[PDB]
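The file start15.txt contains compact mmCIF, C-alpha atoms and all ligand atoms:
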```
# COMPACT_ATOMS: atom_id res chain seq x y z
CA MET A 1 0.00 0.00 0.00
CA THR A 2 1.02 3.61 -0.56
CA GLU A 3 2.28 5.67 2.38
CA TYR A 4 1.54 9.39 2.53
CA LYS A 5 3.84 11.69 4.51
CA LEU A 6 1.53 14.38 5.94
CA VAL A 7 2.76 17.43 7.87
CA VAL A 8 0.57 19.52 10.17
CA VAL A 9 1.61 23.18 10.27
CA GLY A 10 0.22 26.33 11.85
CA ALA A 11 0.72 28.77 14.70
CA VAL A 12 1.14 27.81 18.34
CA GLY A 13 -2.25 27.06 19.88
CA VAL A 14 -4.35 26.35 16.79
CA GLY A 15 -4.90 22.70 17.75
CA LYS A 16 -2.44 20.78 15.55
CA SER A 17 -1.85 18.20 18.25
CA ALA A 18 -5.52 17.91 19.22
CA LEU A 19 -6.43 17.31 15.56
CA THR A 20 -3.79 14.61 15.10
CA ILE A 21 -4.78 12.88 18.34
CA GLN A 22 -8.41 12.77 17.18
CA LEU A 23 -7.38 11.15 13.93
CA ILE A 24 -5.04 8.66 15.59
CA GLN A 25 -6.68 7.89 18.97
CA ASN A 26 -10.26 9.08 18.45
CA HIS A 27 -10.59 11.31 21.51
CA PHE A 28 -10.17 14.81 22.95
CA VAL A 29 -8.46 16.24 26.08
CA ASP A 30 -10.81 14.68 28.66
CA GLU A 31 -9.74 11.20 27.57
CA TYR A 32 -6.01 11.91 27.34
CA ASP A 33 -4.07 8.97 28.80
CA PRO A 34 -0.41 9.82 29.58
CA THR A 35 0.51 6.12 29.93
CA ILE A 36 -0.30 5.51 26.27
CA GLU A 37 2.21 6.37 23.55
CA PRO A 38 0.41 6.36 20.17
CA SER A 39 1.91 5.76 16.75
CA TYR A 40 1.55 8.50 14.17
CA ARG A 41 1.55 5.86 11.45
CA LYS A 42 -2.04 4.84 10.77
CA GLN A 43 -3.61 2.49 8.23
CA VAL A 44 -6.80 3.87 6.69
CA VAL A 45 -9.12 3.33 3.74
CA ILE A 46 -9.64 6.40 1.56
CA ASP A 47 -12.13 6.29 -1.33
CA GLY A 48 -11.97 2.49 -1.28
CA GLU A 49 -8.16 2.44 -1.33
CA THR A 50 -6.19 1.22 1.69
CA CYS A 51 -3.13 3.30 2.55
CA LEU A 52 -0.87 4.42 5.39
CA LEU A 53 -0.82 7.94 6.81
CA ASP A 54 2.59 8.97 8.17
CA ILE A 55 1.92 12.10 10.22
CA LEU A 56 4.33 14.77 11.47
CA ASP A 57 3.14 17.44 13.90
CA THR A 58 5.22 20.65 14.08
CA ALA A 59 3.95 21.40 17.61
CA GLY A 60 6.79 22.78 19.72
CA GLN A 61 8.93 23.69 16.71
CA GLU A 62 6.72 26.29 15.02
CA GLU A 63 9.35 29.01 15.48
CA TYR A 64 12.32 26.69 14.82
CA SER A 65 13.17 27.76 11.27
CA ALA A 66 15.74 25.10 10.41
CA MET A 67 13.44 22.33 11.60
CA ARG A 68 10.41 23.86 9.85
CA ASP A 69 12.41 23.58 6.64
CA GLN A 70 13.14 19.91 7.37
CA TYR A 71 9.39 19.22 7.79
CA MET A 72 8.71 20.94 4.51
CA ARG A 73 11.38 19.01 2.59
CA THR A 74 10.04 15.71 3.95
CA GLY A 75 6.28 16.24 3.68
CA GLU A 76 4.27 15.17 0.65
CA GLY A 77 1.22 17.17 1.71
CA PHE A 78 0.51 19.87 4.28
CA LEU A 79 -2.38 20.58 6.63
CA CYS A 80 -2.29 24.34 7.05
CA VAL A 81 -4.19 24.89 10.28
CA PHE A 82 -5.49 28.10 11.82
CA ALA A 83 -8.04 28.68 14.59
CA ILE A 84 -11.30 30.42 13.68
CA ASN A 85 -11.04 32.54 16.84
CA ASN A 86 -7.45 33.65 16.16
CA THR A 87 -7.00 36.10 13.27
CA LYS A 88 -3.23 36.16 13.71
CA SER A 89 -3.15 32.39 13.16
CA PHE A 90 -5.10 32.95 9.93
CA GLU A 91 -2.64 35.61 8.81
CA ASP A 92 0.24 33.20 9.53
CA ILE A 93 -1.11 30.81 6.86
CA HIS A 94 0.31 33.15 4.21
CA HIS A 95 3.82 32.74 5.59
CA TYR A 96 3.53 28.95 5.87
CA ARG A 97 2.30 28.59 2.30
CA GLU A 98 5.06 30.87 1.01
CA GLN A 99 7.75 28.92 2.82
CA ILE A 100 6.37 25.58 1.61
CA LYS A 101 6.44 26.78 -2.01
CA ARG A 102 10.01 28.01 -1.52
CA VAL A 103 11.37 24.86 0.13
CA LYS A 104 9.64 22.72 -2.51
CA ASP A 105 10.63 25.11 -5.32
CA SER A 106 7.09 24.66 -6.66
CA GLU A 107 3.77 26.54 -6.81
CA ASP A 108 1.66 23.37 -6.83
CA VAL A 109 2.25 21.62 -3.49
CA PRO A 110 -0.52 19.42 -2.00
CA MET A 111 -2.12 21.48 0.71
CA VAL A 112 -5.42 21.82 2.62
CA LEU A 113 -6.56 24.89 4.54
CA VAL A 114 -8.03 23.91 7.91
CA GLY A 115 -10.02 26.22 10.14
CA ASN A 116 -10.03 24.52 13.53
CA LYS A 117 -12.12 25.01 16.70
CA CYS A 118 -15.35 25.50 14.74
CA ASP A 119 -17.23 24.31 17.82
CA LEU A 120 -16.45 27.62 19.54
CA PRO A 121 -18.95 30.49 19.27
CA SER A 122 -16.49 33.39 19.48
CA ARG A 123 -15.36 33.34 15.84
CA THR A 124 -13.12 36.10 14.42
CA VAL A 125 -12.39 34.61 10.99
CA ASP A 126 -15.48 34.28 8.75
CA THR A 127 -16.03 31.04 6.84
CA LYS A 128 -16.33 33.11 3.66
CA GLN A 129 -12.94 34.76 4.30
CA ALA A 130 -11.23 31.38 4.62
CA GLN A 131 -13.07 30.08 1.55
CA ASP A 132 -11.87 33.04 -0.50
CA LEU A 133 -8.29 32.53 0.66
CA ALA A 134 -8.34 28.85 -0.29
CA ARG A 135 -9.90 29.77 -3.62
CA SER A 136 -7.03 32.17 -4.31
CA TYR A 137 -4.60 29.38 -3.42
CA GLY A 138 -6.39 26.76 -5.52
CA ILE A 139 -6.72 24.44 -2.50
CA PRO A 140 -9.55 22.88 -0.48
CA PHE A 141 -10.87 24.44 2.72
CA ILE A 142 -12.32 22.40 5.59
CA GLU A 143 -13.62 23.55 8.97
CA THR A 144 -12.84 21.19 11.85
CA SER A 145 -13.29 20.62 15.55
CA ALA A 146 -10.88 18.39 17.43
CA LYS A 147 -13.44 18.56 20.26
CA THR A 148 -16.50 17.25 18.41
CA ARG A 149 -14.50 15.46 15.68
CA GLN A 150 -16.31 17.50 13.01
CA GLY A 151 -14.29 17.34 9.78
CA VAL A 152 -11.21 15.64 11.25
CA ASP A 153 -11.11 12.57 8.98
CA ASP A 154 -12.26 14.72 6.07
CA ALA A 155 -9.33 17.13 6.48
CA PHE A 156 -6.68 14.41 6.41
CA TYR A 157 -8.47 12.36 3.73
CA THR A 158 -8.89 15.44 1.52
CA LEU A 159 -5.15 16.11 1.80
CA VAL A 160 -4.46 12.56 0.59
CA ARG A 161 -6.83 13.21 -2.33
CA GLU A 162 -4.81 16.33 -3.16
CA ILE A 163 -1.57 14.32 -3.23
CA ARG A 164 -3.26 11.70 -5.42
CA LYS A 165 -4.07 14.41 -7.99
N1 LIG B 201 -12.88 23.90 21.81
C1 LIG B 201 -11.83 23.43 21.09
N2 LIG B 201 -10.60 23.46 21.64
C2 LIG B 201 -9.53 23.00 20.95
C3 LIG B 201 -9.73 22.44 19.61
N3 LIG B 201 -8.51 22.06 19.17
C4 LIG B 201 -7.62 22.34 20.14
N4 LIG B 201 -8.24 22.89 21.21
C5 LIG B 201 -7.58 23.35 22.45
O1 LIG B 201 -6.60 24.32 22.09
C6 LIG B 201 -5.41 24.15 22.87
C7 LIG B 201 -4.19 24.03 21.95
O2 LIG B 201 -4.28 22.79 21.25
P1 LIG B 201 -2.93 22.09 20.73
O3 LIG B 201 -3.24 20.96 19.78
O4 LIG B 201 -2.06 21.67 21.88
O5 LIG B 201 -2.27 23.34 19.97
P2 LIG B 201 -0.88 23.34 19.15
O6 LIG B 201 -0.15 22.01 19.26
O7 LIG B 201 -0.04 24.43 19.74
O8 LIG B 201 -1.18 23.64 17.71
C8 LIG B 201 -5.59 22.88 23.67
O9 LIG B 201 -5.78 23.21 25.05
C9 LIG B 201 -6.83 22.22 23.13
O10 LIG B 201 -7.60 21.65 24.19
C10 LIG B 201 -11.11 22.44 19.07
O11 LIG B 201 -11.35 21.99 17.93
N5 LIG B 201 -12.07 22.93 19.86
```
Now that the file is in, can you turn its structure into structure tokens?
Ligand SMILES: Nc1nc2c(ncn2[C@@H]2O[C@H](COP(=O)(O)OP(=O)(O)O)[C@@H](O)[C@H]2O)c(=O)[nH]1
Amino acid sequence: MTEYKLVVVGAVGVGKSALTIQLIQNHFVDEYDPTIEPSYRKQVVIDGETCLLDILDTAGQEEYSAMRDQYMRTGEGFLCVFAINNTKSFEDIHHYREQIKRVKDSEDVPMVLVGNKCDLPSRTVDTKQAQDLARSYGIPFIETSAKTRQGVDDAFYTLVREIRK
């Protein structure tokens, strides 16, 4: 089966780790078990095809430029995550996309825009604003909640579909 190297990027606090843990372990913070050490290699079936997701989370190294570049060289596809209640995290998406294009030396890198924490009421980034940004980038946009699991599989699966294109 094919393996897909997926990298989760985005500002500190947007929920990169929470999203990955929902995909891998199927729960949120209340069910966090510190005795369990999960694997970020997961076998899944996407559109009837079985494959392996190999996930890298940049959490803790967001501001570590040399390591950011290593993630971007390695990754086949990128989840570009912001939080819908953090406009600065949305603005940071520009810088992540730019750096990915530069490290890859390409303008057509598999990428999905993810607006996380859509379960929260206090939104500061409109769904239409994120849709327009993704449109300008030529990439999909998905709203997610690591808390309710809304859109979590869809975000990762859609990224795999982008790589498959
Ligand atoms: N309500 C809500 N909280 C979230 C969601 N995703 C993450 N969080 C919370 O946001 C905080 C930061 O999440 P984390 O994954 O550690 O952020 P990061 O690794 O810095 O990107 C954590 O305390 C999470 O509980 C979400 O979808 N909904």
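For the choices A:33, A:143, A:54, A:126, the atom-to-atom distance to ligand LIG 201 (chain B) is smallest for A:143 when using only C-alpha atoms and all ligand atoms.
Every protein, DNA or RNA residue with an atom at most 10 Å from residue 151 of chain A, where only C-alpha atoms count and chain neighbours fewer than 6 positions away do not, is listed here: residues 19, 114, 115, 116, 118, 142, 143, 144, 145 and 157 of chain A.
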Within 8 Å of ligand LIG 201 (chain B) (only C-alpha atoms and all ligand atoms), residues as a VMD selection string: chain A and resid 9 to 20 28 to 29 57 to 60 116 to 120 144 to 149
Assuming 8 Å of padding per side, give the centre and edge lengths of the axis-aligned box around every listed atom of segment 115-126 of chain A, in Å to one decimal and as AutoDock Vina command-line options.
```
--center_x -14.5 --center_y 30.2 --center_z 14.1 --size_x 24.9 --size_y 27.8 --size_z 26.8
```
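Atom pair atom CA of residue 71 of chain A / atom CA of residue 152 of chain A: separated by 21.2 Å.
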Mind checking which residues fall within 10 Å of residue 40 of chain A, counting only C-alpha atoms, ignoring those fewer than 3 positions away in the same chain, and posting them as a VMD selection string? chain A and resid 20 to 21 23 to 25 37 43 52 to 57
Quick one: residues within 9 Å of residue 158 of chain A, all atoms listed in the file, excluding same-chain residues fewer than 4 positions away - as an MDAnalysis selection string? chainID A and resid 112 140 142 153:154 162:163
Residues near residue 74 of chain A, anyone? I mean within 9 Å using all atoms listed in the file, not counting same-chain ones fewer than 5 positions away, as a PyMOL selection string. chain A and resi 5-7+69
Of the residues A:66, A:159, A:125, A:133, which is the one nearest to residue 78 of chain A, using all atoms listed in the file? A:159
When you draw a straight line from atom CA of residue 141 of chain A to atom CA of residue 156 of chain A, how long is it in Å? 11.5 Å
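One finds atom CA of residue 75 of chain A at 17.7 Å from atom CA of residue 63 of chain A.
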Is it possible to get the residues within 12 Å of (0.2, 26.9, 5.2) (coordinates as in the file, counting all atoms listed in the file) written as a short mmCIF file (atom, residue, chain, number, x, y, z; two decimals) with C-alpha atoms, in the frame of the given file?
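Okay, result_31.cif is ready:
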```cif
data_model
loop_
_atom_site.label_atom_id
_atom_site.label_comp_id
_atom_site.auth_asym_id
_atom_site.auth_seq_id
_atom_site.Cartn_x
_atom_site.Cartn_y
_atom_site.Cartn_z
CA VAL A 7 2.76 17.43 7.87
CA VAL A 8 0.57 19.52 10.17
CA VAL A 9 1.61 23.18 10.27
CA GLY A 10 0.22 26.33 11.85
CA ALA A 11 0.72 28.77 14.70
CA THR A 58 5.22 20.65 14.08
CA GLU A 62 6.72 26.29 15.02
CA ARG A 68 10.41 23.86 9.85
CA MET A 72 8.71 20.94 4.51
CA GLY A 77 1.22 17.17 1.71
CA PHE A 78 0.51 19.87 4.28
CA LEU A 79 -2.38 20.58 6.63
CA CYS A 80 -2.29 24.34 7.05
CA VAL A 81 -4.19 24.89 10.28
CA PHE A 82 -5.49 28.10 11.82
CA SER A 89 -3.15 32.39 13.16
CA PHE A 90 -5.10 32.95 9.93
CA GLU A 91 -2.64 35.61 8.81
CA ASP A 92 0.24 33.20 9.53
CA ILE A 93 -1.11 30.81 6.86
CA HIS A 94 0.31 33.15 4.21
CA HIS A 95 3.82 32.74 5.59
CA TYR A 96 3.53 28.95 5.87
CA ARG A 97 2.30 28.59 2.30
CA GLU A 98 5.06 30.87 1.01
CA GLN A 99 7.75 28.92 2.82
CA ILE A 100 6.37 25.58 1.61
CA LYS A 101 6.44 26.78 -2.01
CA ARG A 102 10.01 28.01 -1.52
CA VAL A 109 2.25 21.62 -3.49
CA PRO A 110 -0.52 19.42 -2.00
CA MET A 111 -2.12 21.48 0.71
CA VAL A 112 -5.42 21.82 2.62
CA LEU A 113 -6.56 24.89 4.54
CA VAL A 114 -8.03 23.91 7.91
CA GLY A 115 -10.02 26.22 10.14
CA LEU A 133 -8.29 32.53 0.66
CA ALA A 134 -8.34 28.85 -0.29
CA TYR A 137 -4.60 29.38 -3.42
CA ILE A 139 -6.72 24.44 -2.50
CA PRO A 140 -9.55 22.88 -0.48
CA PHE A 141 -10.87 24.44 2.72
#
```
Let me make sure I understand: among A:105, A:155, A:160, A:2, which one has the smallest atom-to-atom distance to residue 51 of chain A if we use only C-alpha atoms? A:2
Looking at A:45, A:1, A:36, A:130, which one is nearest to residue 83 of chain A, with distances taken over only C-alpha atoms? A:130
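Checking A:123, A:135, A:104, A:73 one by one against residue 85 of chain A, counting all atoms listed in the file, you find the shortest gap at A:123.
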Export segment 45-56 of chain A from the structure block above, keeping N, CA, C and O atoms, as a PDB file, in the first residue's frame.
```pdb
ATOM      1  N   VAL A  45      -8.578   3.564   5.070  1.00  0.00           N
ATOM      2  CA  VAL A  45      -9.121   3.330   3.738  1.00  0.00           C
ATOM      3  C   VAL A  45      -9.726   4.623   3.207  1.00  0.00           C
ATOM      4  O   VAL A  45     -10.674   5.150   3.778  1.00  0.00           O
ATOM      5  N   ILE A  46      -9.161   5.147   2.125  1.00  0.00           N
ATOM      6  CA  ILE A  46      -9.640   6.402   1.556  1.00  0.00           C
ATOM      7  C   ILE A  46     -10.162   6.188   0.141  1.00  0.00           C
ATOM      8  O   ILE A  46      -9.411   5.770  -0.744  1.00  0.00           O
ATOM      9  N   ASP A  47     -11.447   6.485  -0.052  1.00  0.00           N
ATOM     10  CA  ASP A  47     -12.134   6.285  -1.327  1.00  0.00           C
ATOM     11  C   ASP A  47     -11.957   4.856  -1.833  1.00  0.00           C
ATOM     12  O   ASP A  47     -11.708   4.630  -3.015  1.00  0.00           O
ATOM     13  N   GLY A  48     -12.078   3.895  -0.923  1.00  0.00           N
ATOM     14  CA  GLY A  48     -11.971   2.491  -1.276  1.00  0.00           C
ATOM     15  C   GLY A  48     -10.552   1.974  -1.436  1.00  0.00           C
ATOM     16  O   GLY A  48     -10.353   0.801  -1.744  1.00  0.00           O
ATOM     17  N   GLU A  49      -9.564   2.842  -1.234  1.00  0.00           N
ATOM     18  CA  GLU A  49      -8.164   2.442  -1.328  1.00  0.00           C
ATOM     19  C   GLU A  49      -7.482   2.445   0.037  1.00  0.00           C
ATOM     20  O   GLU A  49      -7.487   3.456   0.740  1.00  0.00           O
ATOM     21  N   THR A  50      -6.890   1.315   0.411  1.00  0.00           N
ATOM     22  CA  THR A  50      -6.194   1.224   1.692  1.00  0.00           C
ATOM     23  C   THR A  50      -4.781   1.808   1.586  1.00  0.00           C
ATOM     24  O   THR A  50      -4.043   1.548   0.629  1.00  0.00           O
ATOM     25  N   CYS A  51      -4.418   2.627   2.567  1.00  0.00           N
ATOM     26  CA  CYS A  51      -3.130   3.301   2.554  1.00  0.00           C
ATOM     27  C   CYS A  51      -2.679   3.639   3.970  1.00  0.00           C
ATOM     28  O   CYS A  51      -3.433   3.480   4.930  1.00  0.00           O
ATOM     29  N   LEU A  52      -1.440   4.097   4.092  1.00  0.00           N
ATOM     30  CA  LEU A  52      -0.869   4.419   5.394  1.00  0.00           C
ATOM     31  C   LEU A  52      -0.593   5.908   5.499  1.00  0.00           C
ATOM     32  O   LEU A  52       0.098   6.473   4.652  1.00  0.00           O
ATOM     33  N   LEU A  53      -1.133   6.541   6.536  1.00  0.00           N
ATOM     34  CA  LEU A  53      -0.818   7.938   6.815  1.00  0.00           C
ATOM     35  C   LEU A  53       0.366   8.026   7.768  1.00  0.00           C
ATOM     36  O   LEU A  53       0.365   7.423   8.832  1.00  0.00           O
ATOM     37  N   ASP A  54       1.373   8.789   7.373  1.00  0.00           N
ATOM     38  CA  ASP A  54       2.585   8.973   8.170  1.00  0.00           C
ATOM     39  C   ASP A  54       2.626  10.437   8.591  1.00  0.00           C
ATOM     40  O   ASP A  54       3.028  11.295   7.810  1.00  0.00           O
ATOM     41  N   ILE A  55       2.198  10.725   9.819  1.00  0.00           N
ATOM     42  CA  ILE A  55       1.924  12.099  10.219  1.00  0.00           C
ATOM     43  C   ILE A  55       3.019  12.745  11.069  1.00  0.00           C
ATOM     44  O   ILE A  55       3.526  12.147  12.019  1.00  0.00           O
ATOM     45  N   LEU A  56       3.387  13.970  10.696  1.00  0.00           N
ATOM     46  CA  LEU A  56       4.329  14.765  11.472  1.00  0.00           C
ATOM     47  C   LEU A  56       3.673  16.049  11.958  1.00  0.00           C
ATOM     48  O   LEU A  56       3.111  16.811  11.171  1.00  0.00           O
TER      49      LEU A  56
END
```
